[PDB]
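When we count neighbours, we look across all protein chains shown, and the Cβ atoms used for this are built from the backbone with ideal geometry, even at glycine. Quick note: the coordinates plus some simple rules give every number you see, no bench work behind them.
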There are 2 protein chains.
Amino acid sequence: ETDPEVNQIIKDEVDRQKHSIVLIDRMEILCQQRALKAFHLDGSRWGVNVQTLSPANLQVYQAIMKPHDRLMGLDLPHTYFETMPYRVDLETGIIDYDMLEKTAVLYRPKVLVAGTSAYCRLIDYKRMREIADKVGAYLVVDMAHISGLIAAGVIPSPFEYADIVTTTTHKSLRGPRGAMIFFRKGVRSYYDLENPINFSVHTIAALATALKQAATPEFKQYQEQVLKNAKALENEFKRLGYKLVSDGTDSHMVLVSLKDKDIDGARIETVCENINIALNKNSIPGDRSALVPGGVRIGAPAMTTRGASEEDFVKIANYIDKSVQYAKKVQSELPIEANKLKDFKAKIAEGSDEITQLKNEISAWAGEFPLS
Amino acid sequence: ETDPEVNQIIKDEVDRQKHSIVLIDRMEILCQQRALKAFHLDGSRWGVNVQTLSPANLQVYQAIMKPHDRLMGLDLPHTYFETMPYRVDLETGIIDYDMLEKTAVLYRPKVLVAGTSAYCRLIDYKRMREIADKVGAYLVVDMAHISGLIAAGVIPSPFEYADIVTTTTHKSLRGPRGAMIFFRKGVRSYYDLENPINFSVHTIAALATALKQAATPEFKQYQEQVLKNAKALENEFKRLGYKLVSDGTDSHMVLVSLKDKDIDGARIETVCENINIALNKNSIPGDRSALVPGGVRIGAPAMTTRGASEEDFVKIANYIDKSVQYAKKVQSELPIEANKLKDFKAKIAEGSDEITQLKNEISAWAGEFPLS
């Protein structure tokens with residue numbers, strides 16, 4: 001490098017990535033144009049507030065609702081504004097639109113928000129609009145995790161029905177670290193969102209290119225692959241006998257249930273961590289304890305960027321199944337006096353022949369892919 | 001570029017800079033070591049909380065003081081915590097330590113903060129400590145604008161007397177955009193700052209190098225030049241008959257008074273803007289209106305980085321004097337029916353022979369310097 005030992009730390013970290021499968025003024029005006037073009041938005045119906053120095057959703061709430069007003073979102077708490085959650089149906093994993101409607105009619109929120117939590121299926125934005133209208137609420141859609149899918153046009157757009165739409169520029173949209181808040185202009189049913197939003201709130205070159213890239217057909221090819229790779233994963237987990245939350249996915253990620261395997265997702269996360277597989281434990285509907293998450297969240301985008309295919313993702317599913325089989329083994333073999341998660345972690349941190357086998361196998365396989 | 005028209009916007013902006021004189025996990029552990037080494041800090045007496053994703057001072061207040069507790073700082077308002085200001089002596093421009101002490105003894109703040117406002121002289125951190133002890137307050141020093149000067153060792157260090165010290169990593173310290181909060185450990189008189197501070201709260205490679213560079217003798221040479229360049233400016237403004245706030249500077253910036261010239265700093269800012277000179281209007285002690293700032297703030301660091309010398313800064317002073325002489329002319333020649341700042345701005349935006357002369361003169365001179 002230019003000088004320091006920093007060079008080696010970057011070298012070591014870059015090298016660890018390569019051998020791991022990851023499953024997790026005038027320029028400003030240009031960003032506004034490219035943002036609207038990326039999401040096929042009429043400039044007279046839709047405005048947009050971009051920002052590189054930056055939460056995004058919190059700024060929208062303080063802009064539009066008073067301290068008396070109340071908000072509804074997926075799995076929120078019951079801080080400054082009043083909140084009541086809505087939930088997925090326990091048996092199907094799909095948003096319970098009936099209960100949402102009924103609660104919203106009584107609760108009468110000022111804002112109805114969607115896309116906050118980890119939800120693999122498409123959201124019925126039309127039904128969200130209809131529920132929001134009955135109450136007279138704003139419909140805010142956080143599209144931060146599916147923004148790339150929407151830009152590509154490979155899933156439906158919330159911009160047909162939303163009043164406000166928030167997104168990060170860095171997650172699904174593949175740009176630099178910032179945020180964008182889209183808002184409506186014109187006939188509501190009247191709109192006065194522009195001023196309060198703008199009032200409530202080096203890399204802008206980066207974002208401008210990232211918005212241009214987002215509109216390309218090469219980008220759409222990538223997002224098509226993301227959806228395919230996530231489906232391949234859905235089907236192999238189903239074939240290997242796992243239940244999925246929402247019985248599958250319409251998007252870039254899968255949420256695997258582990259209830260039927262008699263094990264939790266934290267245990268799976270740590271086993272995977274030690275064999276060069278990055279994924280997240282994740283709470284699922286049905287869990288007895290909020291501190292013990294009964295599922296695992298797996299996402300396709302990172303390896304798809306590395307040139308991975310459905311064949312590679314069917315293989316990833318097997319490696320994860322192998323990791324649950326190993327986690328089941330070691331947990332059952334732990335003594336009853338030291339059974340807890342702490343003891344499981346201590347045990348796995350010691351190593352084994354099987355861990356070194358799997359790590360080396362996964363490491364070498366992962367090394368075959370480049371960082372595109 | 002890689003593709004877009006963005007290329008030209010960067011080209012045009014870079015070109016405008018060149019012809020303008022500007023007067024305004026393991027890696028984390030490495031940043032902590034280098035930060036302490038940069039400010040010659042014993043690791044057992046001083047800790048540090050670094051952060052690239054990021055206000056810094058607000059986090060310190062919420063950490064250390066309850067809602068009953070109160071704060072004192074230079075020229076604060078009388079939002080969530082109680083604040084009372086202290087001020088500079090109207091006639092000398094130096095902090096009125098007598099009045100601070102007297103107010104602090106009565107007010108009894110939990111926190112005494114220094115280095116918040118634009119103050120060109122050295123702060124008596126020892127006297128701040130002594131005042132803070134009499135009350136039992138914490139002494140928080142914001143060194144964001146003089147951090148580079150302190151690292152070089154060319155001015156006294158607040159770390160001898162402070163309990164907490166905040167800084168941005170990007171202003172005086174010449175690093176990437178982030179923040180650091182230093183805090184004490186050991187015998188207060190007892191310290192319990194580490195946990196509450198840490199609890200209250202890609203480029204980290206950049207910061208690590210920036211902290212290494214900050215400790216070099218080449219960096220110290222740069223800061224020595226900054227102080228020299230700012231002094232050259234102090235002396236030429238004095239020679240040309242201007243009063244300075246605090247009758248001069250002990251630091252990287254000068255604050256010029258314009259009261260004796262019968263003109264305000266906003267008018268000077270706009271004239272300078274139109275002749276490729278970037279500086280800030282700035283309020284000064286004595287001002288009748290808070291909306292009409294009676295001074296101008298000029299800083300040496302930017303051109304010093306471009307290889308500028310005292311000879312160049314004595315020339316900069318003349319260009320600014322020329323700009324006040326022009327601003328006096330056009331304002332006196334405006335009709336009484338359209339005298340206001342609005343009318344002054346309209347007038348200057350039209351252009352003139354003198355503006356084009358000065359812009360071209362300043363532009364060509366500025367073009368001689370590189371962007372080192």
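Over all directions, how big on average is the projection of the convex hull of the alpha-carbon atoms in segment B:232-316, in square nanometres?
5.6 nm²
Once you sort the root eigenvalues of the Cα gyration tensor of segment A:130-203 as a ≥ b ≥ c, which label holds: rounded (a/c under 1.5), prolate (a/b larger than b/c) or oblate (the other case)?
Taking the square roots of the gyration eigenvalues as a ≥ b ≥ c, segment A:130-203 is oblate.
Distance from the Cα centre of segment B:325-349 to that of segment A:116-160, in angstrom?
54 Å
Viscosity 1.567 mPa s, temperature 4 °C: what is the translational diffusion coefficient of chain A from Stokes-Einstein with a Kirkwood Rh over Cα pairs, rounded to a whole number of µm²/s?
Values: Rh = 22.5 Å.
Taking Rh from Cα pairs, D becomes 58 µm²/s.
Quick one: net charge of residue A:210's neighbours, Cβ under 10 Å, K/R +1, D/E -1?
That sum, taken over residues with Cβ under 10 Å, equals +3.
Assign unit charges at the C-beta atoms only (+1 for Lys and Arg, -1 for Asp and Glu), then state the dipole size of the protein assembly as shown relative to its Cα centre in Debye, rounded to the nearest 20.
820 debye
Give me log10 I(q)/I(0) at q = 0.15 Å⁻¹ for segment B:1-125, Debye formula, one equal scatterer per alpha-carbon, no solvent.
-0.97
Shape call for segment A:250-293 from the C-alpha gyration tensor, a ≥ b ≥ c root eigenvalues: rounded (a/c under 1.5), prolate (a/b greater than b/c) or oblate?
oblate
With no solvent and one point per C-alpha, what does the Debye sum give as log10 I(q)/I(0) for segment A:100-173 at q = 0.19, 0.20, 0.25, 0.28 Å⁻¹?
The computed values of log10 I(q)/I(0) come out as -0.75, -0.81, -1.15, -1.34.
For B:40, A:202, which order do you get if you count the other beta carbons within 10 Å of each Cβ and list the fewest first? Kindly include the intermediate steps, with their values, before the conclusion.
Values: B:40 13, A:202 10.
By the 10 Å Cβ count, ascending, the order reads A:202, B:40.
Please report, largest first and rounded to whole Å, the three semi-axes of the ellipsoid equivalent to segment A:1-57, where each semi-axis is the square root of five times an eigenvalue of the C-alpha gyration tensor.
Computed over segment A:1-57, the values are 39, 17, 11 Å.
Run through the DSSP bridge list for the protein assembly as shown and note the antiparallel percent, rounded to the nearest 5.
55 percent
Compute the Cα gyration tensor for segment A:271-363, then decide on rounded, prolate or oblate, letting a ≥ b ≥ c be the square roots of its eigenvalues: rounded whenever a/c is under 1.5, prolate when a/b is larger than b/c in the other cases, and oblate in all that remain.
oblate
Given B:238/B:340; A:261/A:359; B:171/B:347; A:238/A:329; A:347/B:212, which pairs have Cα atoms separated by over 31 Å?
Pairs exceeding the cut-off: B:171/B:347; A:347/B:212.
Over the residues of segment A:162-317, compute the C-alpha Rg and express it relative to 2.2 N^0.38 Å.
With N residues counted in segment A:162-317, Rg over 2.2 N^0.38 Å equals 1.29.
Could you compute the net charge surrounding residue A:44? Neighbours are other residues with a C-beta less than 13 Å from the C-beta of residue A:44; K and R count +1, D and E count -1.
Within the 13 Å Cβ shell, the charges total +1.
Which whole-Hz couplings ³J(HN,Hα) result when phi for each residue of segment B:15-22 is put into the Karplus expression 6.51 cos²θ - 1.76 cosθ + 1.60, θ = phi - 60°, listed in order with x for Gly and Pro?
Values, residue by residue: 5, 5, 4, 4, 9, 9, 9, 9 Hz.
Please get the size of the charge dipole for chain A, origin at its Cα centre, with Cβ charges of +1 on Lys and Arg and -1 on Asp and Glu, quoted in debye to the nearest 20. Before the final figure, lay out each step's value.
On the way: 47 positive and 49 negative charges, 164 e Å.
Result for chain A is approximately 780 debye, rounded to the nearest 20.
Which semi-axes, in whole Å and largest first, does the equivalent ellipsoid of segment A:65-114 have when worked out from the alpha carbon gyration tensor as the square roots of 5 times its eigenvalues?
21, 11, 7
Expressed in whole Å with the largest first, what are the equivalent ellipsoid semi-axes of segment A:279-320 derived from the C-alpha gyration tensor as the square root of 5 times each eigenvalue? Don't skip to the end; give the middle numbers.
Working: eigenvalues 148, 21, 9 Å².
Ellipsoid half-lengths, sorted descending, are 27, 10, 7 Å.
For residue B:62, place a label point 7 Å from Cα along the Cα-to-Cβ direction in every copy; what are the distances to the other copies, in nm, shortest first?
1.0
Against the 2.2 N^0.38 Å scaling, with N counting residues, where does segment A:217-264 land? I'd like the Cα-based Rg ratio to two decimal places.
Normalised Rg, Cα atoms only: 1.32.
Rank these for me by crowding, B:36, B:58, A:291, B:255, going from fewest to most other beta carbons within 10 Å.
Details: B:36 19, B:58 13, A:291 10, B:255 25.
The most exposed by this proxy come first: A:291, B:58, B:36, B:255.
Defining the label point at 7 Å along Cα→Cβ, can you sort the distances from residue A:369 to the same site in each other copy, shortest first, in nm?
Between copies, matching label points for residue A:369 lie 4.9 nm apart.
If one computes the Cα centroid of segment A:9-73 and of segment B:222-276, what distance in Å separates the two points?
One Cα centre to the other: 41 Å.
In what sequence do A:34, B:108 fall when counting other Cβ within 10 Å, fewest first?
B:108, A:34
What is the Cα coordinate range of segment B:184-275 on the first, second and third principal axes, sorted by size from largest, in whole angstrom?
53, 33, 29
Shielding of B:206-213 by partners, i.e. mean partner chain Cβ atoms within 10 Å per residue? Don't skip to the end; give the middle numbers.
Details: counts 1, 1, 4, 6, 0, 1, 5, 3.
Mean shielding count: 3.
Report Rg/Rh for the protein assembly as shown, rounded to two decimals, where Rg is the Cα radius of gyration and Rh the Kirkwood radius.
Values: Rg = 30.2 Å, Rh = 30.1 Å.
Value, to two decimals: 1.00.
Could you pull the copy-to-copy label distances for residue B:85, with points set 7 Å along Cα to Cβ, in nm to one decimal and sorted shortest first?
4.7
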